[PDB]
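Some notes on the structure that comes next.
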Amino acid sequence: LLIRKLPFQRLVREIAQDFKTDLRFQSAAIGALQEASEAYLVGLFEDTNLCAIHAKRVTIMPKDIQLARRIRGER
DNA sequence: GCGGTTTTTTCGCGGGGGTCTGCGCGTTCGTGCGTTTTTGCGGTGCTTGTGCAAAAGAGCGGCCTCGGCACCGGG
Numbered sequence: 060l061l062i063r064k065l066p067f068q069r070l071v072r073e074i075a076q077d078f079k080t081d082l083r084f085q086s087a088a089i090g091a092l093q094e095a096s097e098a099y100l101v102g103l104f105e106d107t108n109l110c111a112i113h114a115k116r117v118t119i120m121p122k123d124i125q126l127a128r129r130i131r132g133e134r
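Per the authors' numbering, the very first residue in the first sequence carries number 60; after that it's consecutive.
What follows is the structure in C-alpha cells.
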C-alpha cells in the first residue's frame, strides 16, 4: 500500500465523525478501506491516462479526470 | 448474554535518509498566424406565363266581328 496507515486512519475517522459520534473501528476495516481506495484510484488513473493519451498528450489534467468520471457515470 | 483466551490495535520515542524544495537554464508543447478545400446562402438576367335623336315605312301578334254551317229537341 502506497498511502501510509496512520494518516489514512485519521482521515477515515475524521470522515466517520459526521455520521455517528465516537465510533470504534475493527482490525480489518481500515485495511480493506485502504485497499479499495487504492484500487479505485489506480483504475481512475488508468482511465485518466487513456484520456490524456487520446488527447495526444502525456500529462494528465483535471479535465481528463472529469471526463473519466462522467463516462463511468460518477457524480 | 456472560465469561474466557490472547491477537493486534493504540501509545510513545529514537534514528535514517528518501522526498520536498530553492534555484538555474533550456526546450517542447501550448497558443496565435495563416492557410486549404469545400459548403452554403446571397443575388441577377432572362424564360414562360397571367388577370384585369328624331322621321318614316314595313312587318308582326293578337284579336274581334262576323259568315255560315250543323246540330238538339220535338212529332
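By construction, the Cβ of each residue, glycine as well, lies at the ideal position given by its N, Cα and C atoms.
In the three-state DSSP reduction, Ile-124 falls in the helix class (H, G or I). Taking the CA atoms as reference points, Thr-107 sits about 14 Å from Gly-132. In the three-state DSSP reduction, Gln-68 falls in the helix class (H, G or I).
Secondary structure at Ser-96: helix, using DSSP grouped into helix, strand and coil. Contact between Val-71 and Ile-89 is confirmed by a C-beta separation of about 6 Å, below the 8 Å threshold. Remark: C-beta atoms of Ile-62 and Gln-85 do not approach each other more closely than 8 Å.
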